[PDB]
Every structure is written in structure tokens, then in C-alpha cells.
Amino acid sequence: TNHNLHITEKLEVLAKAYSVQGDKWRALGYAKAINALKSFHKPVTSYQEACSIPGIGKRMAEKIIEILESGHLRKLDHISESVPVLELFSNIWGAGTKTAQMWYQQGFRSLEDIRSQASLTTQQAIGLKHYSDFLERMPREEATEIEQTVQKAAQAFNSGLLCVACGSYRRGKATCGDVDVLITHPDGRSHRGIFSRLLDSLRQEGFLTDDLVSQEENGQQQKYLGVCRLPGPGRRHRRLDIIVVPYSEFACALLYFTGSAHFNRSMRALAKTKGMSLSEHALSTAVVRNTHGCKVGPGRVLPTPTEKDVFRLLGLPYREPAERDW
């Protein structure tokens with residue numbers, strides 16, 4: 001008998017819907033995930049437990065949780081009618097499963113309905129423009145070419161400027177959903193002002209299309225969200241993120257942006273038990289509290305020059321990005 005009826009029931013609908021859409025590969029991944037779930041003694045309610053199954057990989061575990069976390073209301077319609085549409089809207093950039101139900105709830109079933117009859121975020125409007133391109137994964141070597149382009153344009157301004165690609169790429173995975181490029185300079189002074197100049201040069205050359213998304217400010221860190229396309233025929237749009245950080249925050253920014261999501265989550269948990277807190281900016285000691293829990297002193301920031309220094313302070317043996325997949 002089947003224990004995980006709450007997951008497979010909605011996975012069967014997703015698998016069927018994807019085969020119809022032509023994505024035969026994903027439909028296979030779901031079918032193999034469905035089989036692994038049925039052949040399990042207990043119901044899965046966690047990410048790690050879902051991931052700790054022979055048939056289920058990392059990307060699949062995230063989808064199960066997303067499905068599991070979505071849940072309710074779930075009042076609307078039926079899974080056969082609702083789930084394929086909810087998945088359809090969810091894959092749009094800048095859209096969540098809750099946002100999807102909102103549109104779905106209003107009475108929207110297709111992207112054209114969203115294109116016209118729905119209020120669009122500036123980020124969401126870009127999503128529809130490059131929907132098919134954003135929906136697919138990119139080869140590793142294409143991401144390698146994206147890292148190189150950003151690097152060459154950035155190194156034009158400053159010779160000592162350093163660009164390192166992160167995310168799925170740095171972990172050595174074969175395919176990447178998006179590309180996150182981290183930029184810094186050894187002295188820690190040069191990196192400033194480069195962020196604005198670099199985007200312009202790339203935008204001028206045609207590498208960046210649909211340029212803007214809020215450019216965000218996180219203290220010293222400067223992040224650009226945008227889409228990019230390589231020169232040449234047969235090229236499709238891809239998401240790019242360019243982050244410029246100082247050299248002091250570089251070690252912790254590297255660790256955070258490299259991933260994985262569950263890895264970082266475990267690192268924060270590990271840091272918390274040792275009286276430290278790991279942010280993307282720096283590794284600092286936890287906020288000092290008395291016995292009763294009253295905050296009596298602020299935590300101080302620890303010097304982490306290299307990525308290895310973070311591991312040593314946490315008393316954890318070094319793990320290379322390939323072993324950070326989790």
C-alpha cells in the first residue's frame with residue numbers, strides 16, 4: 001500500500017501534464033520519483049527525508065517540499081484541472097505558488113490571460129517575455145561562457161578585479177538553472193563604482209536585455225538581477241545575477257552564493273549551536289544573551305579572509321563545492 005498519497009496524487013498530475021507539454025525528461029523524473037515514494041514505509045514530511053531516498057534527487061526533493069508546503073487552501077477545483085495551471089504560473093519569474101493560486105483563483109488558465117487580464121510586476125512581465133527560455137536548464141559550458149564574458153568586461157576596467165561564478169556551476173553540476181557571478185577585488189577599495197560601469201558596458205554590447213530589476217542594496221553588497229543572452233545564433237535568454245562585494249565579505253559571500261540552499265541552512269544551524277551566526281556578509285558571534293534570554297550584548301564580526309577560514313572557525317573540516325550539493 002501507499003503511505004505518501006498526499007504527494008504522489010499531485011505528482012501523477014504533474015507527470016502527465018509534462019509529457020503532454022513535450023518535456024519527456026521531467027516526466028520521467030517524476031515517474032521515477034512517484035515510484036520511490038510508493039515504495040516507502042513512512043510518509044515523508046521533510047526535505048531531507050525526501051532527499052534521502054534512492055529514487056529522489058536534490059531538485060526533485062525541492063519540488064516535493066514546494067508541493068507539500070503549498071498545500072492549502074487547495075479548495076479550488078480539482079488537481080487535474082488546477083495543478084497543471086498552478087505549475088504553469090509558478091514557473092513564471094517573480095511568481096510564487098501563492099501568487100499562482102491568486103491568478104488561478106480569479107479565473108485564469110493560460111499565459112495569454114496573464115499577459116492581458118492580469119496585473120504584472122516589472123519582474124513578472126519580463127518572465128512572460130522569456131518564459132520558454134527561463135523554463136529550461138542551461139548546459140554547464142554555456143554558464144562557463146557567461147562567467148567569462150562578465151569577467152572580460154569587468155577586467156577591462158581593472159586588471160586585478162576577480163570574477164567567480166557561483167551556484168550550480170561552482171558546485172560542479174552538469175546543468176545550471178541560472179548564473180550568479182560574484183565580483184570583488186583583493187585590496188577591497190577597487191570594487192566600488194565598478195558595478196554601475198560594468199552593467200552599462202554589457203548593456204551597450206547587447207549582452208544584457210530587459211536590463212532592470214530593482215538593483216538592490218545590502219550594505220556593501222550590490223546585486224543586479226537581469227536576463228542575458230550570448231552572441232551568436234541558437235542562443236536563448238538566460239537569467240543572470242551580478243554581485244559586487246568587498247574582499248572582506250568575499251569569503252562569506254562565496255560560501256553563501258555557492259550553496260547549496262540546504263547546505264547554508266545547515267551551516268547557520270551549526271553556527272547557532274557554536275554561538276555564532278553565519279550571514280552572507282560575514283561570520284559573526286551570536287548575540288550575547290543572559291540565562292533568561294534577555295539580549296545583553298551585540299555579537300561581534302569575525303575576520304574570515306578565505307573560504308577555508310569559515311570552516312575552521314565552525315570546527316568543520318573543509319568541504320569542496322562538489323560536496324556541498326546536499
# chains A, B, ... in the order shown; residues from 1 in each chain; ligands from 1
>>> select_by_dssp(residues="stretch 179-301 of chain A", states="strand (DSSP E)", output="ChimeraX atom specification")
/A:179-184,208-209,215-218,221-228,238-244,276-278,283-285,288-289,295-297
>>> residues_around(residues="stretch 236-244 of chain A", least_positions_apart="3", cutoff="6 Å", atoms="only C-alpha atoms", output="PyMOL selection string")
chain A and resi 133+178-184+221-229
>>> closest_residue(among="A:50, A:208, A:83, A:76", to="residue A:106", atoms="only C-alpha atoms")
A:76
>>> closest_residue(among="A:204, A:104, A:315, A:137", to="residue A:153", atoms="only C-alpha atoms")
A:204
>>> closest_residue(among="A:2, A:290, A:158, A:260", to="residue A:58", atoms="only C-alpha atoms")
A:260
>>> residues_around(residues="residue A:277", least_positions_apart="4", cutoff="10 Å", atoms="only C-alpha atoms", output="count of residues only")
16
>>> decode(residues="stretch 158-252 of chain A", atoms="C-alpha atoms", output="compact mmCIF listing (two decimals), in the first residue's frame")
# COMPACT_ATOMS: atom_id res chain seq x y z
CA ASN A 158 40.51 46.88 -13.53
CA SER A 159 43.22 44.26 -14.07
CA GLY A 160 43.12 42.87 -10.53
CA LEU A 161 39.34 42.55 -10.45
CA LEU A 162 38.20 38.99 -9.73
CA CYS A 163 35.07 37.26 -11.05
CA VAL A 164 33.89 33.86 -9.80
CA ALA A 165 30.75 32.05 -10.96
CA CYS A 166 28.63 30.52 -8.21
CA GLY A 167 25.51 28.44 -7.67
CA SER A 168 25.02 25.16 -9.51
CA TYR A 169 28.09 25.91 -11.61
CA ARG A 170 30.69 26.21 -8.85
CA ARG A 171 29.39 23.02 -7.24
CA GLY A 172 30.43 21.27 -10.45
CA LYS A 173 26.93 20.29 -11.53
CA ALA A 174 26.28 19.44 -15.18
CA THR A 175 23.38 21.86 -15.68
CA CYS A 176 22.52 25.27 -14.21
CA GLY A 177 19.14 26.97 -13.83
CA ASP A 178 20.64 30.44 -13.52
CA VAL A 179 24.08 32.03 -13.20
CA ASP A 180 25.32 34.02 -10.21
CA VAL A 181 28.55 35.93 -10.80
CA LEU A 182 30.41 37.24 -7.76
CA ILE A 183 32.88 40.11 -8.22
CA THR A 184 35.46 41.53 -5.81
CA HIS A 185 38.96 43.00 -5.56
CA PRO A 186 41.82 41.89 -3.22
CA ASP A 187 42.51 45.38 -1.80
CA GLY A 188 38.83 45.99 -1.08
CA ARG A 189 38.79 49.53 -2.44
CA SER A 190 38.75 48.99 -6.20
CA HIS A 191 35.41 47.16 -6.39
CA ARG A 192 33.42 50.33 -5.66
CA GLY A 193 31.76 52.10 -8.58
CA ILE A 194 32.58 49.21 -10.93
CA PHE A 195 29.08 47.73 -10.56
CA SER A 196 27.39 50.60 -12.40
CA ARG A 197 30.03 50.86 -15.13
CA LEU A 198 30.10 47.12 -15.80
CA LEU A 199 26.34 46.81 -16.34
CA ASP A 200 26.43 49.70 -18.82
CA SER A 201 29.26 48.19 -20.88
CA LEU A 202 27.48 44.84 -21.03
CA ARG A 203 24.13 46.50 -21.72
CA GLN A 204 25.70 48.53 -24.53
CA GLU A 205 27.27 45.44 -26.09
CA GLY A 206 23.89 43.70 -26.08
CA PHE A 207 24.69 41.01 -23.50
CA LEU A 208 22.01 42.33 -21.15
CA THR A 209 18.42 42.56 -22.38
CA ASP A 210 15.39 43.63 -20.30
CA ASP A 211 18.09 45.13 -18.09
CA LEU A 212 16.38 46.40 -14.98
CA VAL A 213 15.10 44.69 -11.98
CA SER A 214 15.43 46.61 -8.84
CA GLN A 215 19.10 46.78 -8.18
CA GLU A 216 19.29 46.04 -4.55
CA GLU A 217 21.45 47.34 -1.75
CA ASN A 218 22.63 45.11 1.10
CA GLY A 219 25.22 47.23 2.86
CA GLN A 220 28.48 46.72 0.98
CA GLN A 221 26.96 44.19 -1.44
CA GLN A 222 25.47 45.34 -4.74
CA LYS A 223 23.21 42.90 -6.59
CA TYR A 224 21.87 43.10 -10.12
CA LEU A 225 19.00 40.89 -11.25
CA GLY A 226 18.64 40.59 -15.00
CA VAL A 227 18.49 38.41 -18.09
CA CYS A 228 21.30 37.74 -20.57
CA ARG A 229 21.94 36.23 -23.99
CA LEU A 230 25.22 35.13 -25.57
CA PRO A 231 26.20 36.45 -29.01
CA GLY A 232 25.60 34.08 -31.90
CA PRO A 233 22.66 32.12 -33.35
CA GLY A 234 20.78 29.42 -31.44
CA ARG A 235 21.18 31.38 -28.22
CA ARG A 236 18.32 31.62 -25.73
CA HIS A 237 17.80 34.12 -22.91
CA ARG A 238 19.12 33.23 -19.50
CA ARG A 239 18.85 34.76 -16.07
CA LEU A 240 21.91 36.41 -14.73
CA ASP A 241 22.80 37.81 -11.34
CA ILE A 242 25.87 40.00 -10.83
CA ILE A 243 27.03 40.70 -7.27
CA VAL A 244 29.85 43.05 -6.28
CA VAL A 245 31.25 42.63 -2.76
CA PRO A 246 34.30 43.84 -0.81
CA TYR A 247 37.17 41.40 -0.24
CA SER A 248 36.40 41.13 3.47
CA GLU A 249 32.85 39.93 2.80
CA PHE A 250 34.00 37.88 -0.19
CA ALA A 251 34.73 34.68 1.74
CA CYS A 252 31.27 34.56 3.30
